[PDB]
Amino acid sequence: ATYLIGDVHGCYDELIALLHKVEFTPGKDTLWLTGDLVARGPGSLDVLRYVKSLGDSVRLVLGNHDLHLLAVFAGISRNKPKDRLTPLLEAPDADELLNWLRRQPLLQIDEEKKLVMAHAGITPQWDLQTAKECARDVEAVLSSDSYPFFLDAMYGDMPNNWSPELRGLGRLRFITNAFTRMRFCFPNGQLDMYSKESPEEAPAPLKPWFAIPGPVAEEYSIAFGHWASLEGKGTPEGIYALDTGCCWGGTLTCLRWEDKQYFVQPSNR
């Protein structure tokens, strides 16, 4: 069976309870994770250890907090106490865990299930071949010996319009923002990087990226996390928002793909 779970954010206990609820069995089942495995919750270290241990039984995409963790680890960004990352950073296996984490994809594709996963979704300005190429570009940087310079470069909110003619840092920054930070678009598909509220609270003419017909969404289902104030609701058919804010005291949600059956685990507050 195929299980998809949204942003875990270090909520290891809830993760394990949800997986026991479905009798998740490595070797017979596969787990898809939308990213943001770490930060806010208390068990980032345990989460990373367990997910890494699953090997081929897990298909992960990196989110924005995974990338921030990598930036703290390389000395690029400052650690926030609120992120609760110090046990993970001071772990004796920190190097192993994080060199594994930076080698994971930004994008997961399963042709037989017609299923695409990215942390934030798929911008409507992209077709599938382009999404793939951009994922491969950023992934090559992340898994190279020079990933700290990339992490330093990734911060920024422009450019917000895609073009195959984009180059260098602007290209990397747009790819990163589209995959890990996207929520609302302008009618032409151009990215907005300031509104994090629910679709009903955003001012016109902003709409969710998925309310704009895009070539990928026309042929594929798309699962994603990241956008907690969506609360998993309001998506069109074929769009699955899996982040229900477990680390914020909401719930951790698991979707079984074969029957589209939802299983939910309350936050441990």
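Residues carry their position along the shown sequence, with the first being 1.
- Looking at mean Cα B-factors across 198 to 206 and 224 to 232, the upper value is held by 198 to 206.
- Checked against the record, the higher mean CA B factor of 44 to 52 and 233 to 241 lies with 233 to 241.
- You'll see in the entry that, of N160, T176, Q104, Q108, the Cα B factor peaks at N160.
- Split the chain's modelled residues into thirds by C-alpha temperature factor. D66 is in the lowest one.
- In the PDB entry, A118 places in the lowest third of its chain by CA B-factor.
- Sorting the modelled residues of the chain by their CA temperature factor places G10 in the lowest third.
- In the PDB entry, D145 places in the highest third of its chain by CA B-factor.
- In the deposited entry, the Cα temperature factor of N268 sits in the top third of values across the chain's modelled residues.
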